[PDB]
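As given, the protein sequences belong to chains D and F, one line each in that order. Following the entry's author numbering, the numbering of the first sequence begins with 369 at its first residue and continues without gaps. All letters in the second sequence, in the order written, are residues 78 to 379, 399 to 423 by the entry's author numbering. For each residue, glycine too, the CB sits at the ideal point set by N, CA and C. Following: one structure in structure tokens, then a few remarks.
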Amino acid sequence: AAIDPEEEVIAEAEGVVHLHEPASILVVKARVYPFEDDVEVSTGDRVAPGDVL
Amino acid sequence: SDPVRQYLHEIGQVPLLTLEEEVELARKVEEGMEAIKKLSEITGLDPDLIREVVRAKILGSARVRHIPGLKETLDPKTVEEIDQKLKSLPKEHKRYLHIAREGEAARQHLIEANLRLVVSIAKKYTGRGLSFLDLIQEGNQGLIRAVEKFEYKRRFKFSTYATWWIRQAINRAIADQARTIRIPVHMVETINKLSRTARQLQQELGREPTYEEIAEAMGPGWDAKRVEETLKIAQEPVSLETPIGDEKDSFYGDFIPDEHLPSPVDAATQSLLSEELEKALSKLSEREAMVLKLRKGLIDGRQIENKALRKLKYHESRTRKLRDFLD
DNA sequence: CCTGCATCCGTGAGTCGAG
DNA sequence: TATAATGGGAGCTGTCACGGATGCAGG
Ligand SMILES: [Mg+2]
């Protein structure tokens, strides 16, 4: 997306998106939990082991 | 050791933003506010309430305090009630909660990132009656105002828009707090204008101007009397501890008498006055006594009236010794 | 580690008068 | 309320002698 509508990138047809040339790489020590539908916690919440994400 | 050096150290801990990061943070903030408006449209709560709950959750458990704007007391109990009413919303609605959260986080990061600008702006305002750190703090308030009011759409670098608010707040502070006797900001503007004008006139005249010349360069409505009164109101008080002499010996306040408390001779003046008035009232008949003392208020503190008046005129011309009390 | 000596920091440094 | 601006600045220098605490090298 972008400021002006004519600067936006819209997909022509079906395809897969790859990300190249990042401005920087951020290494964070964290555990990544992928989900599917709905997340029960929000950003900033604090979680002990065993809490449902 | 040195507070300023410590603040400058704590400021050098946060690295400066790259343009992409600036834009990103600003965007997250704006979209966060929009998301808060959205959640207000959904839940039906106060936008301020929701905002302060989101902020409460972002900052931490350390900071929860009653806000003067809110209609309710904000305790962690209530922030948990509201948080539970926000989390229980449908998914597509629950999205805006996350948006708002990351919005607040982005706001914190954005304010913390630009803090050096406030220093570099406030360093020009030194010696105007406010301390360096105070100027820095008010400038910080300006910076926060800037963050909340900033629009990244205009493609202007944040420093541009922020600088204006920083100068605004710093100047507001200098105008507000720098005088022991508080003078309203517009009147301060008037005074400063008068001073600059006088400096100009004296610069061109090779001497200090009179009140009339200042009145001339001031324009319409301005005369000598107004200039004099304005300079009179611009006078700052002097300290009682102002040192008198070369040594540490005495203070300027030791030479000032107390004009309030009656000296023993004044209490004795009231005493002797009430006494002499009581004793020379022997003329009084009882009715005229109570009524004329009610006339002059000698009882509760607040035709026969005329006869008592006349009798008092009679006894005034008598002893001729009460003149002393009359100054 | 417990004792002893070197070092730093804070605290004092006459009275009254006159300015 | 909008070009962009992103870590301060002065310093006060020729006393003297003490108690108490604090710290470091040495037995
Ligand atoms: Mg005039």
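May I ask you to list the residues that DSSP assigns as paired with residue i?
| i | result |
| --- | --- |
| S327 of chain F | F:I321 |
Would you grab the beta carbon distance between residue i and residue j for me? Rounded to a whole angstrom, and I think it's under 8 Å.
| i | j | result |
| --- | --- | --- |
| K200 of chain F | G412 of chain D | Not really, about 35 Å apart at Cβ, beyond 8 Å. |
| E365 of chain F | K403 of chain F | 7 Å |
| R372 of chain F | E401 of chain F | 6 Å |
| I119 of chain F | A177 of chain F | With 8 Å as the limit, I119 of chain F and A177 of chain F do not qualify as a contact, their Cβ atoms being about 12 Å apart. |
| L102 of chain F | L187 of chain F | 4 Å |
| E107 of chain F | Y229 of chain F | 7 Å |
| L126 of chain F | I159 of chain F | 7 Å |
| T307 of chain F | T267 of chain F | 7 Å |
| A250 of chain F | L212 of chain F | 7 Å |
| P80 of chain F | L210 of chain F | 6 Å |
| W242 of chain F | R222 of chain F | 5 Å |
| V265 of chain F | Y288 of chain F | That pair is no contact at about 20 Å. |
| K162 of chain F | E408 of chain D | Wrong, their Cβ atoms sit about 14 Å apart, outside the cutoff. |
Under 8 Å between C-beta atoms, does residue i make it to chain F?
| i | result |
| --- | --- |
| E382 of chain D | no |
| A398 of chain D | no |
| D419 of chain D | no |
| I371 of chain D | yes |
| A416 of chain D | no |
| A391 of chain D | yes |
For a cutoff of 8 Å on Cβ pairs, would you count residue i as touching chain D?
| i | result |
| --- | --- |
| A183 of chain F | no |
| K164 of chain F | yes |
| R276 of chain F | no |
| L308 of chain F | no |
| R256 of chain F | no |
| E215 of chain F | no |
| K234 of chain F | no |
| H170 of chain F | no |
| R205 of chain F | no |
| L174 of chain F | yes |
| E157 of chain F | no |
| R178 of chain F | yes |
| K154 of chain F | no |
| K201 of chain F | no |
| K270 of chain F | no |
| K230 of chain F | yes |
- request: Please list the segments of the alpha helix (DSSP H) lying wholly inside the segment 107-161 of chain F, counting only runs of 4 or more residues, in order along the chain.
  value: 124-136
message: Taking beta-carbon pairs under 9 Å, can you tell me which members of the segment 92-119 of chain F lie near chain D?
response: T95, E97 and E98
field: Where the segment 126-147 of chain F meets chain D: residues whose CB sits under 9 Å from a CB there
entry: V131, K134, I135, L136, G137 and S138
query: Which runs of the beta strand (DSSP E) fall wholly inside the segment 225-257 of chain F and span at least 3 residues, in chain order?
result: none
field: alpha helix (DSSP H) runs contained entirely in the segment 340-377 of chain F, provided each spans 4 or more residues
entry: 341-356 and 363-372
3 or more residues per run - each beta strand (DSSP E) lying fully within the segment 165-235 of chain F: none
query: What residues in the segment 404-415 of chain D have a beta carbon less than 9 Å from any beta carbon of chain F?
result: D405, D406, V407, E408, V409, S410, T411, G412, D413 and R414
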